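Read through the structure below, which is laid out as structure tokens, and then see the notes.
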Amino acid sequence: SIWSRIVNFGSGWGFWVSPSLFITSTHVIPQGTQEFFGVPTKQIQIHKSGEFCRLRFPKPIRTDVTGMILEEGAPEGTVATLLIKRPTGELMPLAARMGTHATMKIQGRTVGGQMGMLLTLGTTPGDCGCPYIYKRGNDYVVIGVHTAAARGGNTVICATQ
Ligand SMILES: *[C@@H](CC(=O)OCC)[C@H](C[C@@H]1CCNC1=O)NC(=O)[C@@H](CC(=O)[C@@H](NC(=O)c1cc(C)on1)C(C)C)Cc1ccc(F)cc1
């Protein structure tokens with residue numbers, strides 16, 4: 001049911017935080033489109049924090065979902081889950097131990113986020129946009145969306161804010 005919140009968006013993915021709140025990666029948003037989920041973009045309030053992109057819709061799109069907690073990353077050392085959906089449909093939950101929160105230089109662009117290390121295949125280019133989630137007590141907490149990963153190593157970057 002939490003997987004039903006990850007949706008094909010552009011060249012990547014997006015996650016329904018609330019009935020009205022879609023989050024995704026800036027690199028993934030289609031730039032030639034004038035409506036998202038049937039709502040015209042003129043009526044959609046889009047806020048960008050580097051690679052973390054937040055789309056607030058005028059009217060709730062997903063009646064069925066409950067709102068989730070959104071926070072700027074997780075505490076250093078938290079083992080989050082990277083809910084990767086694949087274009088084939090397969091679901092790849094990945095464990096990532098999150099680390100330093102920082103503003104990073106990724107390919108000349110400035111990016112706020114949190115680095116993480118995948119624990120024990122890996123991530124690929126279709127995967128930008130998928131959410132990082134960890135359970136805190138009884139509530140799930142979404143902390144960011146996948147934006148990058150080191151060519152050499154396990155490092156994954158989770159765009160935040
Ligand atoms: C997802 C988006 C995509 O395909 O867009 C094309 C622009 C893709 C996912 C990664 C590719 C391989 N595995 C992935 O998880 N993201 C990107 O291609 C971003 C670039 C990278 O991932 C590079 N990584 C780094 O530069 C890097 C830096 C650090 C600390 O760790 N890795 C490649 C080595 C893959 C696109 C991007 C995002 C944000 C930016 F500011 C610039 C560029």
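For the structure tokens, the naming scheme is as follows: chains receive sequential letters (A, B, ...) according to their order of presentation, residues are indexed from 1 within each chain, and ligands are indexed from 1 in presentation order.
Assigned to helix (DSSP H, G or I) in chain A, given DSSP computed from backbone atoms, are residues 3, 4, 5, 26, 27, 28, 41, 42, 43, 125, 126 and 127 of chain A.
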Q: Might you pull out every residue within 10 Å of residue 115 in chain A, with only C-alpha atoms counted and same-chain residues fewer than 3 positions away left off, and present them as a list in words?
A: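 Contacts, with the query itself left out: residues 73, 76, 96, 97, 98, 99, 100, 101, 102, 104, 112, 148, 149, 155, 156, 157, 158 and 159 of chain A.
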Q. Which value, in Å to one decimal, gives the distance between CA of residue 46 in chain A and CA of residue 81 in chain A?
A.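 Distance reported for this atom pair: 25.6 Å.
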Q: Would you list the contacts of residue 4 in chain A as a PyMOL selection string, taking every protein, DNA or RNA residue within 12 Å and counting only C-alpha atoms, but skipping same-chain residues closer than 5 positions in sequence?
A: chain A and resi 13-17+62+64-66+83-85+89+91
Convert the current residue selection to file output with N, CA and C atoms, as an mmCIF file, in the first residue's frame.
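Ended up saving to selection-v5.cif:
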```cif
data_model
loop_
_atom_site.group_PDB
_atom_site.id
_atom_site.type_symbol
_atom_site.label_atom_id
_atom_site.label_comp_id
_atom_site.auth_asym_id
_atom_site.auth_seq_id
_atom_site.Cartn_x
_atom_site.Cartn_y
_atom_site.Cartn_z
ATOM 1 N N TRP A 13 10.788 8.806 -10.744
ATOM 2 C CA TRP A 13 9.673 8.421 -9.897
ATOM 3 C C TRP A 13 9.332 9.550 -8.936
ATOM 4 N N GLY A 14 8.158 9.422 -8.308
ATOM 5 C CA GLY A 14 7.705 10.350 -7.287
ATOM 6 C C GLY A 14 6.891 9.609 -6.246
ATOM 7 N N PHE A 15 6.756 10.226 -5.073
ATOM 8 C CA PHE A 15 6.157 9.586 -3.905
ATOM 9 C C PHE A 15 5.067 10.489 -3.345
ATOM 10 N N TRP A 16 3.895 9.910 -3.060
ATOM 11 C CA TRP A 16 2.746 10.656 -2.536
ATOM 12 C C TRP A 16 2.879 10.718 -1.019
ATOM 13 N N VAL A 17 3.380 11.847 -0.511
ATOM 14 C CA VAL A 17 3.522 12.002 0.937
ATOM 15 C C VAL A 17 2.155 12.114 1.590
ATOM 16 N N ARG A 62 -5.057 11.893 -4.139
ATOM 17 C CA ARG A 62 -5.135 10.522 -3.643
ATOM 18 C C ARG A 62 -5.913 10.528 -2.324
ATOM 19 N N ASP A 64 -7.121 8.149 -0.981
ATOM 20 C CA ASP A 64 -6.929 6.886 -0.279
ATOM 21 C C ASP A 64 -5.724 6.887 0.654
ATOM 22 N N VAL A 65 -4.730 7.696 0.398
ATOM 23 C CA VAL A 65 -3.510 7.669 1.198
ATOM 24 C C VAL A 65 -3.684 8.527 2.445
ATOM 25 N N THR A 66 -2.986 8.138 3.514
ATOM 26 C CA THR A 66 -2.823 8.934 4.722
ATOM 27 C C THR A 66 -1.560 9.778 4.579
ATOM 28 N N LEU A 83 12.956 2.693 -1.262
ATOM 29 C CA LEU A 83 11.879 1.983 -1.941
ATOM 30 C C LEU A 83 12.006 2.205 -3.445
ATOM 31 N N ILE A 84 12.814 1.384 -4.106
ATOM 32 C CA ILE A 84 12.987 1.498 -5.550
ATOM 33 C C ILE A 84 11.937 0.638 -6.249
ATOM 34 N N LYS A 85 11.106 1.284 -7.058
ATOM 35 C CA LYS A 85 10.258 0.609 -8.027
ATOM 36 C C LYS A 85 10.979 0.600 -9.368
ATOM 37 N N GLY A 89 8.118 -3.239 -12.975
ATOM 38 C CA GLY A 89 7.150 -3.434 -11.923
ATOM 39 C C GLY A 89 7.751 -3.995 -10.653
ATOM 40 N N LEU A 91 9.721 -4.646 -7.271
ATOM 41 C CA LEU A 91 9.927 -3.794 -6.109
ATOM 42 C C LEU A 91 11.258 -4.158 -5.467
#
```
Q | Env. residues ligand 1 / 6 Å / only C-alpha atoms and all ligand atoms / as an MDAnalysis selection string | A | chainID A and resid 27 106:107 109:111 123:128 147:151
Q: One decimal, Å: what's the distance from CA of residue 9 in chain A over to CA of residue 120 in chain A, could you say?
A: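 Spanning CA of residue 9 in chain A to CA of residue 120 in chain A is a straight-line distance of 28.1 Å.
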Q. Counting only C-alpha atoms, which of A:78, A:18, A:41, A:49 gets nearest to residue 160 in chain A?
A. A:49
Q: Extract the full set of strand (DSSP E or B) residues from chain A according to DSSP on the backbone, and format it as a PyMOL selection string.
A: chain A and resi 6-9+12-16+21-25+35-36+39-40+45-49+52-56+69-70+79-85+91-106+109-118+131-136+139-149+155-159
Q | Selection near residue 58 in chain A, 9 Å with only C-alpha atoms, sequence-local residues under 6 positions removed, as a count of residues only | A | 5
So which residues touch residue 26 in chain A within 6 Å, counting only C-alpha atoms, skipping near sequence neighbours fewer than 3 positions away, as an mmCIF file with C-alpha atoms, in the first residue's frame?
```
data_model
loop_
_atom_site.group_PDB
_atom_site.id
_atom_site.type_symbol
_atom_site.label_atom_id
_atom_site.label_comp_id
_atom_site.auth_asym_id
_atom_site.auth_seq_id
_atom_site.Cartn_x
_atom_site.Cartn_y
_atom_site.Cartn_z
ATOM 1 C CA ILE A 29 10.284 16.304 -13.792
ATOM 2 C CA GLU A 51 17.175 18.122 -6.190
ATOM 3 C CA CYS A 53 11.133 18.817 -5.525
#
```
Q: Calculate how many Å separate CA of residue 142 in chain A from CA of residue 37 in chain A, rounding to one decimal.
A: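 Computed distance, CA of residue 142 in chain A to CA of residue 37 in chain A, equals 21.7 Å.
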Q.
Let me make sure I understand: among A:137, A:129, A:10, A:153, which one has the smallest atom-to-atom distance to residue 52 in chain A if we use only C-alpha atoms?
A.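 Answer, going by the shortest atom-to-atom distance: A:129.
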Q: Find, counting only C-alpha atoms, the residue in A:61, A:28, A:130, A:2 that gets nearest to residue 143 in chain A.
A: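 Checking each of A:61, A:28, A:130, A:2 against residue 143 in chain A, counting only C-alpha atoms, the winner is A:130.
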